[PDB]
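The structure appears below as structure tokens.
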Amino acid sequence: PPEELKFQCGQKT
Amino acid sequence: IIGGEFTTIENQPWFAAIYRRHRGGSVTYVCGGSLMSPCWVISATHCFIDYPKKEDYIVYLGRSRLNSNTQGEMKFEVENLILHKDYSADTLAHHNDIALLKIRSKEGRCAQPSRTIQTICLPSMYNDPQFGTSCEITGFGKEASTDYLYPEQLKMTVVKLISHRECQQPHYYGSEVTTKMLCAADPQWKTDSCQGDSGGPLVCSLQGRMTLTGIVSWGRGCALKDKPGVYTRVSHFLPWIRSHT
Ligand SMILES: Cc1cc(I)c(O)c(C(=O)Nc2ccc(C(=N)N)c(Cl)c2)c1
């Protein structure tokens, strides 16, 4: 699935 | 930032560093910003007002240092530079001090998520934390008001939101502060944002999310007693944000 979906606003990894 | 600790981008993955090119060869830091969605960064219009030439700015994501590179950083050009039309500056305050930068890389793409690049959440319409909430600010701005250079390492600190009632006291900022601004200070007036921190984020937890509650806008001095830092109140600009992104 496309990279963008991996953004989760507010999360730090 | 006066006070605070040095940090790394992993602790603020939505922070964007904006620089300006002078074709003589130098690139200088201008302001900070925050990544909202893959192609949009938000900052302050006052950072661009004097040189609205989008082609002369460069935006970097995944950066922990100011002039050296960080592994994982991404470089973008500004495809669109939207400044607030009702932006005004008076003796201290900047009104409607929010700006949007649409970014594009040389390959033609927007940001990709990494352990150093993440978006920050936007609040819901007119929704804020209550005064007393501790929020953090980050940036490469001055560490002392008398400095003429910016730190090379990213810094961060915590400040608490204070009420408009408190910030509008005649001995603070009076009516310079409006409902479209938020004031944040450290109880001991020891740490605060300073010159160079403009455009950056004021992050507070709101409904369980780390939310972009403010954008570093203006302040009298840095870490001065009764002189809080004033931030643009993001929650009050949601219609504006949505209309352009
Ligand atoms: C000429 C210039 C340029 C930039 I970029 C700034 O950030 C400033 C500036 O005054 N920033 C600035 C200074 C102090 C504070 C504060 N918290 N007290 C704040 Cl919010 C912003 C001035």
Side-chain angles (χ1 to χ4, degrees), chain A, chain B residues 7-16 33-42 61-62 64 72 74 103-105 107-124 127 129 135-136 138 154 156 201-213 234 238 241 245:
Chain A
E3 274 61 297
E4 301 74 22
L5 265 55
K6 276 191 276 180
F7 275 118
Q8 293 200 64
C9 74
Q11 266 74 288
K12 304 188 180 183
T13 288
Chain B
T7 183
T8 50
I9 191 68
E10 292 70 13
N11 296 285
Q12 289 294 302
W14 41 75
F15 182 77
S34 297
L35 187 71
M36 294 178 6
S37 69
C39 316
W40 300 91
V41 164
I42 187 172
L61 291 180
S64 289
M74 288 188 74
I103 55 171
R104 176 192 170 144
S105 57
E107 295 61 27
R109 59 179 73 231
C110 296
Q112 309 297 301
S114 73
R115 48 171 289 244
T116 49
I117 303 179
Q118 183 73 278
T119 46
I120 173 60
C121 312
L122 291 172
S124 35
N127 197 48
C135 305
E136 43 193 53
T138 182
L154 179 63
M156 154 204 287
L202 170 67
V203 189
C204 314
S205 180
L206 224 202
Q207 302 158 304
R209 311 169 190 100
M210 282 302 272
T211 312
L212 182 65
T213 290
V234 183
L238 280 157
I241 299 178
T245 56

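Only heavy atoms go into these numbers, but all of them, side chains included; no hydrogens, no water, no symmetry mates. Every chain is numbered from 1 and lettered A, B, ... according to where its sequence line falls, protein lines coming before strand lines.
- Every side chain to side chain contact (heavy atoms under 4.5 Å, CB included) that B:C135 has, sequence neighbours left out, goes to B:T133, B:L161, B:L202, B:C204.
- In this structure, the portions of B:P38 lying under 4.5 Å from any heavy atom of chain A include both its backbone and its side chain.
- When heavy atoms are compared at a cutoff of 4.5 Å, B:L35 approaches chain A solely by way of its side chain, counted from C-beta outward.
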Using atom types as modelled and no hydrogens or angles, find all donor-acceptor pairs between chain A and chain B shorter than 3.5 Å.
| unit_1 | atom_1 | unit_2 | atom_2 | d |
| --- | --- | --- | --- | --- |
| A:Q8 | N | B:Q118 | OE1 | 2.8 |
| A:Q8 | O | B:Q118 | NE2 | 3.1 |
| A:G10 | N | B:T119 | O | 2.9 |
| A:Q11 | O | B:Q118 | NE2 | 3.4 |
| A:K12 | NZ | B:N11 | O | 2.8 |
| A:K12 | NZ | B:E136 | OE2 | 3.0 |

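- Comparing B:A111, B:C110, B:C121, B:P113 by heavy-atom pairs within less than 4.5 Å of chain A, the highest count is held by B:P113.
- The line from SG of A:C9 to CG of B:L122 is 7.5 Å long, rounded to the nearest 0.5 Å.
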